[PDB]
Every structure is written in C-alpha cells, then in structure tokens.
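What follows is one structure encoded as structure tokens, with my remarks underneath.
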Amino acid sequence: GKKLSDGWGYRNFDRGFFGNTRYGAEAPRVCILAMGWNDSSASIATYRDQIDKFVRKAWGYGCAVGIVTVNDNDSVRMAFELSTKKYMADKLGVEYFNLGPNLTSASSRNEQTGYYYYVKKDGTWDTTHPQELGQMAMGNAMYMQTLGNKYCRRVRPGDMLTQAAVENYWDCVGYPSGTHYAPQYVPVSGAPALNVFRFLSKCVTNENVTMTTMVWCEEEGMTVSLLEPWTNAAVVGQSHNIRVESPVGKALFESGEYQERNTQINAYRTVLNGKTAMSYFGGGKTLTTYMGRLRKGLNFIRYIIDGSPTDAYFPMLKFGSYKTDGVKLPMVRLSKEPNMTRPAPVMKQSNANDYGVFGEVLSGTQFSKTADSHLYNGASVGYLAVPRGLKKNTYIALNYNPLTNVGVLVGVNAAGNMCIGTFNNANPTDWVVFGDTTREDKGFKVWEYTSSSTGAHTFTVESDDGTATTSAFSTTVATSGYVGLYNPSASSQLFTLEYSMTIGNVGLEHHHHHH
Amino acid sequence: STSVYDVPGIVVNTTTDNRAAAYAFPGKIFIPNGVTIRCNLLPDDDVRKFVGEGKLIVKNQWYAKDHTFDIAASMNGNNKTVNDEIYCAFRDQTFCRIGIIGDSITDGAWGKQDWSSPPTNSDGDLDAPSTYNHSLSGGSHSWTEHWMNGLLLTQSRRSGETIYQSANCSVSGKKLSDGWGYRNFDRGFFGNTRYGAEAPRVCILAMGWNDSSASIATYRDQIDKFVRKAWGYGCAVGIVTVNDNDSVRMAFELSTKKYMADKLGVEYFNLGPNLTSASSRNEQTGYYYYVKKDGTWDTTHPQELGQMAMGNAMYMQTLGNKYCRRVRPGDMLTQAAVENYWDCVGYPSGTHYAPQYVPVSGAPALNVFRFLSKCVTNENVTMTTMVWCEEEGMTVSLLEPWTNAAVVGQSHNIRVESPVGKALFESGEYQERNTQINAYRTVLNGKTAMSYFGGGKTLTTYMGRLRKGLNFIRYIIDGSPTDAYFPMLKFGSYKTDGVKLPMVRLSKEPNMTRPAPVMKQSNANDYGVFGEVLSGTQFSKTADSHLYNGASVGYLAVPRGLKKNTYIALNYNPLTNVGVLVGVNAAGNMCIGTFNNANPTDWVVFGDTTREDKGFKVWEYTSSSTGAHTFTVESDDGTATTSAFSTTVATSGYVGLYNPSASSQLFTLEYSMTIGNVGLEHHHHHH
Ligand SMILES: [Cl-]
Ligand SMILES: [Cl-]
Ligand SMILES: [Cl-]
Ligand SMILES: [Cl-]
Ligand SMILES: [Cl-]
Ligand SMILES: [Cl-]
C-alpha cells in the first residue's frame, strides 16, 4: 500500500536501513528500488523526479543502486514502468531489471498454471500479487540477471553439462560434517568408458554428499538424463537419488496453518524425483539414468550419494525433448558378413558424433542408445520386430555396448530353436532356448520391460504364429546399448527389423496366464 | 563562441529577425540560459551556429505560426526516446505523430505496384505549403505504414482513437550528403498542415542507401547536423537502417548511422535482419520479395511482402517489445493478461471492450481453468492478437474454453496473416497482383470447432503452420453472443505435431467400468484439456476439429486382436469420461460405439462371432462438412468390416484401454494421427 509518489520510499530508506540494527543500522551494500505498481495516477514527470531523488540519496550513502520492475501483467503499468523506471535507469546509468517476462513464462505454461499462479485462497483472481510459484519465478529471473548470468548455463535440447569446469556449476556438501568440498580433476583409465573420459572430476569426502546445480531451460518440453561416470565402490541398494525442482526458491514450510497447501505446492514444484542407476547396479560401472521433463526457466537439481563414499564423482547431464526422446529405428533390411564373433550396431554415426557412452542416450533416433535405468522404471516399452524371422545361428542384438562388447542376443540357434541370452564379451553361457526346431525364417516380436524393484531388463519373445514364447530371460548386466546384428554363421545373411523404445512415466503391467 | 550581446547587428528581443546578422557573423553564437531571441532560420541554415542554453523564436515560412528552437537540447540532447514517446502515448492516450525523413525504400518502393513519391517542386524539394499525406497516397504501403498498422492494432486493445499517425517525408533519389534531408525537415513538417505544420513528436532518420560515395566523416557530420536540428525542435530522435542486402552498405551503415546513434545517445533500429528472414524462407520467396513487375531483380527496393517485413521489425523493436510475445514450439498463450495481447471490437457497434476475469465451474474442463477471461458484448466480436515466431516451421492450435450459448452453424472462424501489414487494395489497376499477394500472406484460414459442435463445450482446433517473424491472428465470433471468451493458443512444430504411439504390449486389470489412457504423464505436465493437443507424442491428445478437415488420418493397429468383452478406446477424455470403444463383445463379434460416461447404447456390431484374438485396423477420418469423426474398421482376414460409425460427441481425447471382462488381459496396439491439409477421399464399393 505504500507509494513512491508519496515520498514513503525516500523517507523509509533512512528508517528501514539506518533504523534497523539487524539490517546493520547502515546503508546497505546494494540498494534496490522495486516500487512502481501503486503509483500510476501520478505524472510521468512526478515519478521520474521521485526516482531521481531516491537514487541520489542512495548514491550519496554509498549504495550500489538497481531499479527493478517485478510484474508485467497490467497493460498500462508496463508502459508506465517503461517511461519512468526503465527511462531513469538508463538516464542515471544504473542497472535495470525486469522480472515480468519469466513470471509470464512460468504462469503461462499450460491451461492450469493460471490457477496456481493467480488464484488467491479466497478463490479470487489476482495477477498483481502472484501466488507462491509466481514469487519464486520472479526471484529466479532476478537470480538469472545477476550471478546466474555467469554461474548458470542456458540450455536447449542437445546440450550437455560435462565434467569440465564443474566448480562453476556444482557444489559438493558432505553430511553430516557440512564440509563444502572442492572439485579435483583426476585421470581415469582401465575400463572402456573411462578411456573415453580420460579425466573426471570428483571430491574426496569419506562421507555422504549432496551435489547441487542449476540450469536455465530456454524452452518448454525439455528433458534431462543423468550420467554417473564411475560408480567406484558403490554397493547395490544404497539410496543414491536425484530430484529436480522448478521454479526454484525457499521451500514452503511443511508445517503450521497452511501445511497442506504448502505440501501441495512443493510437490508441484518437484517435477522429477527417484533412484539413480548406481543404486540399482552398484560399483565399478558407468551408468545412465533417464529422468524426464524440466520446466522453462530456472531448474534446481539435487543429487545425493549414500553409503559414505571415499570418492564422489560429479555427474554429467544431457538435455533433450519429450517430443523426440526415445530410440527410433524404422524398418531396415540389410545383409551382414559371415563368421563374426562380435555383434555390430545396425546404424552407426561418426565417432566424433557419438563415442557410445552418453551423447546419444534416448536421443530419439536410429542411432540412439537406451539407458540403464529410469527415474520412473517399469513404465517404458522396448519393441523389436523381425517380420521375416532369421536364419539359423543368426541373431539380433539388443542393448549392445560396442565399448564393453556386452549385449543381449535373440534369434535362431543352429538347431533351429528360438533363443535369448547374454553376450558377455563372449558367446552366451546362459542361453534361454524355447519353441520347436523349425523357427528359421519365421517372424517374431520382442518386448522389453524394466523392473522398478531391481532395475532388471526383462524380455518377452513371441513368434508371430503364436507357437513359441518365453519371458524367462532377465538381465542386470546388459542393461543399455544399441541395436545390433550378429552373424556367426558361415554364410552372408539378410536381416529385416525395426526397433522402438517408448518412454513412459506411470508404471505398467505386462503379465498374463497360460489359460 | 561569441556572446550574443557582443555580435554586430543582433537585437535581443522577440520581434527583430536576427537571421541576417547571425549568419553574416562568421563564428559561433552563445545565447545564455533564460534568453530568447527571434531568429527566423531558413531550412539550409546550420543550427549548430548557436551554442549555450537559450532559445530561438523561429517563424514558420509557410504558415502564420512560430516555433521554438531549444539550443540547450540541440547542444546536449533532449534525452527523449522514440520508445519512450510511443509507450507514453499508449499510456496517456495522447496523439503521437511519427515523422520519417528517408529515401526511396522508405518512400514506398515497392510496397505496392502503383507507388509514387510525395509532390516536389522544381528545385526538387517537398512542396510547401501542403495538405499532402503520403500514407493516404503513393506511400500507402511503405514499411512505415505497416509499422503504423502494428502500433494501431496494439492501440486497439485500449481504444478506437487513432493516436499513431505517420508523416512520411521520404523521396526516391534524395541524399543526406546533399543536405536534402536537413532542408526538408522544415519543409516537410513545418510546411505541411496535414502533418500538423510543426515538428513531429517522433522523428526518424531513415536515409543511408543513396550516400555511399561520400566520406564516413562527411556522412557523420550530416547525421550530427540533422539530429541536433530535430533535438532543438523537440523531437524524440531515432535512426533506422532499413535494408541489409548490400555488402558494402551494411559496413557503411554501421560506421555512420549505428556509430552516430551510439555516440549521440539516440535509439538505433535495423529492419534488415527480418527482411532477410522473411525473404529467405525458401527457394521461391526470393521471387516474391525481390522481383519487380518488369521481371528484373531488385534487393534494394523490396516488393510488398518485403515492405511489410521491414515494418514488422520496426513494430517489434517498439511497442511489440512488451506487447507481443516471442514464441517457440511448446509455448502457450493463456487466459492470463489477455488485455496485454488481445483486443475485442464489437460489430457493428465498433465498441472496444475491456476483458473481465470471471470464475468458472460446473464442468470438468472449467474446474481446470477456475478462471477465464471474457467480454460482455451482446454482439458479434473480432478478437485480434499478434505473436512473434522465433523459428520457421512453427504451428498453432486454438482452444475455445467455453462455447456458452453458441449454436451449430454460426460462422466462427480464425485467420492468420504473415507477414503483417496494411492489406493491399483489392481493387484498381493491380487488383489481381494485390489479391495474389494478400492470399499468399494469409497462411491459415477456416471455421473453428465451436462452429461445428456448438455451445456448452470446451473445444480445440488445429490450425497449422505459421511464419518466422510477426503473425497476425484474427478471431471472429458470430451469432451475437452475450459472452465472448478469449481463446488460448498452443504452439508446436509441423515436424513433430500429431499423435504417435509406437507398438506397446501391456496387460490391464479386470472389471473396469471406465477406460484408462494407455500412456499417462504427471498431472502437472498435462491435465488433459489443451497442453498436449497434437503435440506428437505417445501422450498426445487429438483435436476436435481442424481448420483443414477431411485431410488427416487416424490409424489404430491391433495386430493380435482382443479377448471378448475387451476394447481399445479412441478419443477418450478422462475428464468427461467420454470416448469411442472398439473391440470384441461378449458374443465374439466386432463392435464400435460411444462410451458416453457409461457403456455404449449405440453399439455398431459386425462380423461373425469368432473375432477373438484376430487382428484388425481402425481408420479415423473427419468431415469438413459436419466435423464428425468417422471410423472404418477392418479385420486383417478381410471378413469383418464397417464404416457405419460416426460421432460428433467423442471428437477428441487419448488412446485408452477398457477391460470390463472378469479376467486380466493383454493389449497390443499402436496408434498414429497424421495431419494433412488437402482434403482426401476414402470410399470404395463392395464390388
Ligand atoms: Cl501496494
Ligand atoms: Cl497512483
Ligand atoms: Cl551531445
Ligand atoms: Cl515550383
Ligand atoms: Cl533513393
Ligand atoms: Cl553517394
């Protein structure tokens, strides 16, 4: 209810800063003039003079002065603010800020956000005084226009946050010591993926850590994936997890009079949450976790490592879009050379484009790689179709990792049965054999699911004639990779197939009985 | 400088014309603060003769009138700003005459094929005295007037009053190096009573192209001279580069006009980039933008679409900056702060209505909105907005959030034009060319879903592709409505729009009484009204209708068929519990029907009684006549077919599964909705 035209802001500069010993009883190092909305009946000239008066008082007392417009939701106020606060900021040579645009973005995400941003507890409409999420979106804009400008990366689909200059973007606080650790760059080798990295960044903590970062999404519909580049001495079951909040701010108090409303809004802010792949598969690995959708504007990312680790490595983040993420291999028909001892990807890119660790995880192409796990597992569906079947001793490879030479095989063995197994840097020793011995050149489908309990990739194979089926194969070893072909037979053979990995969020069931 | 009191021949009063004495004196003249003299300056007289903080009384050479020249403003700048004046005029609702001094491009070539220059005398200068208005004549379709169009369309959201008007004093072949722009400042503005016979509130210097043989230093000095004259007479000065299509001119413009704009502290504008975008959209736009009526190539004087694209850039760099949203695929324009982006003019009253925010409920979609914006009109309305597309290949969808008391058949329609401007005159000598170019501008047009399905509903309409740059969106509501609600707009891409559900195999629980979507997102991501309409994913929703209906194809495949009393749901709306069912009934026949918040009472049953676990496809089409969604079902063995099902009730929703049987069952399916534009037929005979 206070106005700049009244002289209230000018007077209470003294009373507010000099008169408050908790505020230091002195001029503040930074002084922000944020008034404007109340005064629209006052002349442009009048208001300009009041701004001049205010700025020079603050200048004289040693303050670094800024001027900020906080809201853009009123047609006339926008023009007024431009002619006074923006005008005087330029003329006086003081920094100008507008939080309005980001409020508009956050509040206009869909058909429901208008409620969350502008509807008061008494059920009335107010775009002048935004609700909790609105106040956060404004603060987020102010952060981006200050420290965020150099310390927060602006991202679009296709971008990656790597292990380089992590100290710019990440912190690493230990629990319970509360130590803020400093990143180190160490050379890594002795495993194919590490030889790709050459160097990773880490902290030596010997305790649980919380690694946080922020990114600014330039577009709606964006997504994020997690790379845990070296799971060192981790043990399966530890509570490693990750969480994304957007918009960002001081969390509402989960207590008091408005505990329910506050819990509701915080939950709404939390757009992603769950266990990482490391929690499923343990140490000595390099693992990828699909997470899901982000929000336009500022996103807060909190990453927890459990089990009191000696070394804690910073993760990398890959950004995509929910409109294109997945794996999409349209129908292809191609021959492969005989006497192979190693599966080969159906569709390759240049090594400069993808060296097979993280860059093409669920990127949604004919070149894409699956992920080891999802934040929301047991909700996605891998699908392979081999319409004209396969020759004997000929197989399709699923989740094949050319770097580690590990993947799943499915096809027709020498005896003419269907079979599925784990190619673990050698021909499988865990073959699951099924159906009659006449499976050559007969079509089948393969469906892949994941367990939200174990992280295991479970496979169901069904011949088109309905005679040969199995779901008896499951793996926690060949959990991600590319589609490949394998021809260990003595003759060149044709392979016809398509593959698609569809991402889901709500868990789905896929069981039926023999009846 | 010399003090004015020491200069021979000067008389310090307000009546004696000190002009002859002042310019007979060879040096500069200092007039102190608070002191005014009469100096009847002639248009060629260098106003930099005077320094200090005094004032001149300057007689109008064409009307019985005087003008004040402020030397302090001329010497130090007046701190006025083009944007400041334009935004101030919007807020204060005061008149804002915008004057432009320029050359051929700004004159209006080739904004319309019958373009002509302002009248000029035998000396080559603007006629004065004058009642000429270029905007109503040969320069009616210059980029300046398209710029005005954008301003006036933004102004329309407050009032019907025409506060933005141009004074385009631009003549082809004229130069700044000659001193022509400096001289004709006076003649153009003072000498024209239709232009107010005074300095304009805004003054734009748009010259540049002609002068490339003149020195950088020479040209800088001419800009300095011009700006200070305009400063002294009270103008908010801007400098604009209009074209970027010449390699050498770009560098020249940077070293003079951009350079001096920064040094003098006046706003700088470049319309070039947007011209480049619009003109480089594809392999054919080069013709539309740069080929003259005589079949020759000219990238210096763009055609009609080029002039509009330039004006659009100028609008974006002025009022458009706060009053036009910049969009990319994924963005939505909602019901919040519509007054910033929309107007609402009634017909025939011509009233400009003000938006109201009212609480809504009593229907699932309204409970999602909680609040909508509307106008109470009791008459037909036209709602217009503009958006700026940051990318090529973008699309738009329409949401009509509450169709209130609408009746089926009313002519509600929507139209998109891009680039934007004053429409070419559909008459005269170039009626055919003009009609052609306007049609080309109009990138989308057609009936809305409300026109098909009527009142008491919430409806979505897919529209189609937009253009990079400024897009004009006009929305008409017919049938004299009491309430008119503002629509929301969702933006996508033509490369990804549709519905795409790859092959999925999943089981569902027995004894359901409600279909359930195959693939869900979080409620925060999509609450099922508008956010995922044709977004092109496994989560996406279909639309009730298209601007271009009867051109798209829904496709469902159920390769391994279905168990008895088990169905796939199409267009299922979980909010209203409404959708289409197709599958195998308890008797073992195929069937299709409308699940209207209950099991269907309109079942269409066909085929023999052995359809269990036998594959079928389903094809969905729309009528451009009725808006109805018509279905064709065909079993893979060819024995069971029907096209006898049609709905105007279950017109949009998600893919779902329905298992009312007593056992858990597997469902294998894929679905795709492909958007088309040219209408297609899909009928065959039993022969
Ligand atoms: Cl207030
Ligand atoms: Cl006020
Ligand atoms: Cl100056
Ligand atoms: Cl004459
Ligand atoms: Cl010219
Ligand atoms: Cl020249």
Side-chain angles (χ1 to χ4, degrees), chain A residues 43-45 49, chain B residues 1-80 85 94-97 99 101 125-131 167 169 179 181-203 224-237 264 266:
Chain A
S43 9
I44 301 294
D49 180 73
Chain B
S1 65
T2 307
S3 164
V4 70
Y5 298 104
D6 295 8
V7 177
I10 302 283
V11 185
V12 180
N13 54 36
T14 59
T15 64
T16 300
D17 178 26
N18 288 306
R19 152 63 173 74
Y23 287 89
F25 184 77
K28 294 190 176 304
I29 301 181
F30 167 73
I31 306 184
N33 178 79
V35 177
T36 307
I37 69 173
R38 164 174 298 279
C39 183
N40 291 353
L41 295 171
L42 303 173
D44 284 315
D45 292 329
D46 198 328
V47 302
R48 295 174 297 178
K49 156 79 67 181
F50 301 97
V51 297
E53 304 182 11
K55 286 178 177 65
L56 304 177
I57 303 303
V58 181
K59 164 198 182 177
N60 187 310
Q61 289 291 322
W62 303 278
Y63 303 101
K65 199 176 184 188
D66 285 320
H67 309 280
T68 299
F69 189 88
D70 188 337
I71 298 166
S74 164
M75 190 177 63
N76 303 323
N78 57 11
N79 303 312
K80 289 177 181 194
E85 295 303 324
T94 53
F95 191 70
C96 183
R97 179 165 284 114
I101 290 282
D125 295 322
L126 297 176
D127 270 21
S130 175
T131 51
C169 296
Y182 181 79
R183 170 184 331 120
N184 284 272
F185 178 95
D186 302 36
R187 306 185 54 84
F189 303 137
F190 297 160
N192 191 320
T193 192
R194 287 289 185 281
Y195 294 159
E198 61 183 13
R201 181 169 187 180
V202 177
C203 183
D224 184 79
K225 199 201 283 200
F226 184 91
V227 170
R228 296 187 186 275
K229 168 174 273 185
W231 273 348
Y233 280 128
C235 302
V237 177
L264 296 167
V266 294

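A note on names: the letters A, B, ... follow the listed sequences, proteins ahead of strands, and every chain is numbered from 1. Just the heavy atoms: all of them, side chains too, but no hydrogens, waters or symmetry mates, feed the values below.
- Side-chain contact between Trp231(B) and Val266(B) is present, with heavy atoms from C-beta onward closer than 4.5 Å.
- Partners of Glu85(B) under the salt bridge (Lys or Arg N to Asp or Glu O under 4.0 Å) rule, at least two apart in sequence or in another chain, are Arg201(B).
- Taking 4.5 Å as the limit, every side-chain heavy atom of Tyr23(B) sits out of range of all side-chain heavy atoms of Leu42(B).
- At least one side-chain heavy atom of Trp62(B) sits under 4.5 Å from a side-chain heavy atom of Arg187(B).
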Step by step, work out the salt bridge (charged side-chain N to carboxylate O under 4.0 Å, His left out) result for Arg48(B) and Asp46(B).
CA-CA 5 Å; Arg48(B) 295 174 297 178; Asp46(B) 198 328; 3.0 Å; yes

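- Counting heavy atoms from C-beta on, the side chains of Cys96(B) and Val202(B) come closer than 4.5 Å.
- We find the OG1-NZ distance between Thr193(B) and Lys65(B) to be 6.5 Å, quoted to the nearest 0.5 Å.
- For the atom pair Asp70(B) CG and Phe50(B) CZ, the distance stands at 13.5 Å (nearest 0.5 Å).
- Side-chain atoms of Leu126(B) and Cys169(B), non-hydrogen and from C-beta on, do get closer than 4.5 Å to each other.
- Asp127(B) and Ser130(B) form no side-chain donor-acceptor contact under 3.5 Å, judged by distance and modelled atom types alone.
- One finds the SG atom of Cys203(B) at 13.0 Å from the CZ atom of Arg97(B) (value rounded to the nearest 0.5 Å).
- Of all heavy-atom pairs between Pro129(B) and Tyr63(B), the closest is CB-OH, 3.5 Å.
- Taking the salt bridge (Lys or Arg N to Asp or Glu O under 4.0 Å) definition, one finds that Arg228(B) meets it with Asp224(B), sequence neighbours left out.
- Looking at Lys49(B), its side chain never comes within 3.5 Å of a backbone N or O of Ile29(B) through a donor-acceptor pair.
- Between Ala230(B) and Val237(B) the shortest heavy-atom distance is CB-CG2, 3.7 Å.
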Before giving the answer on side chain to side chain contact (heavy atoms under 4.5 Å, CB included), spell out for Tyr233(B) and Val58(B) the whole-Å C-alpha distance, their side-chain angles and the decisive distance to 0.1 Å.
CA-CA 10 Å; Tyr233(B) 280 128; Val58(B) 181; 3.5 Å; yes

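- Inter-residue side-chain proximity for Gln61(B) and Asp186(B) is flagged as unmet; no heavy-atom pair is nearer than 4.5 Å.
- At least one side-chain heavy atom of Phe189(B) sits less than 4.5 Å from a side-chain heavy atom of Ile101(B).
- Contact record, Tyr195(B) with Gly188(B): CD1-O, 3.4 Å, taken as the closest heavy-atom pair.
- Put simply, the side chain of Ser74(B) reaches to within 4.5 Å of the side chain of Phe69(B), judged on heavy atoms.
- Note on ring orientation: taking the six-membered ring where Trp is involved, the planes of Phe190(B) and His67(B) are parallel (angle under 30°, cut-offs 30° and 60°).
- Using modelled atom types, one side-chain atom of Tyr182(B) and one backbone atom of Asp45(B) make a donor-acceptor pair closer than 3.5 Å.
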Which donor-acceptor pairs under 3.5 Å do side chains of residues 30-40 of chain B form with protein atoms, sequence neighbours excluded?
unit_1	atom_1	unit_2	atom_2	d
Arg38(B)	NE	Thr14(B)	O	2.9
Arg38(B)	NH1	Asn40(B)	OD1	2.9
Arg38(B)	NH1	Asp66(B)	OD1	3.2
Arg38(B)	NH2	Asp66(B)	OD1	3.3
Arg38(B)	NH2	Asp66(B)	OD2	2.9
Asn40(B)	OD1	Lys59(B)	N	3.2

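- Taking CD1 of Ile57(B) as the start and OG1 of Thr15(B) as the end, the distance is 11.0 Å to the nearest 0.5 Å.
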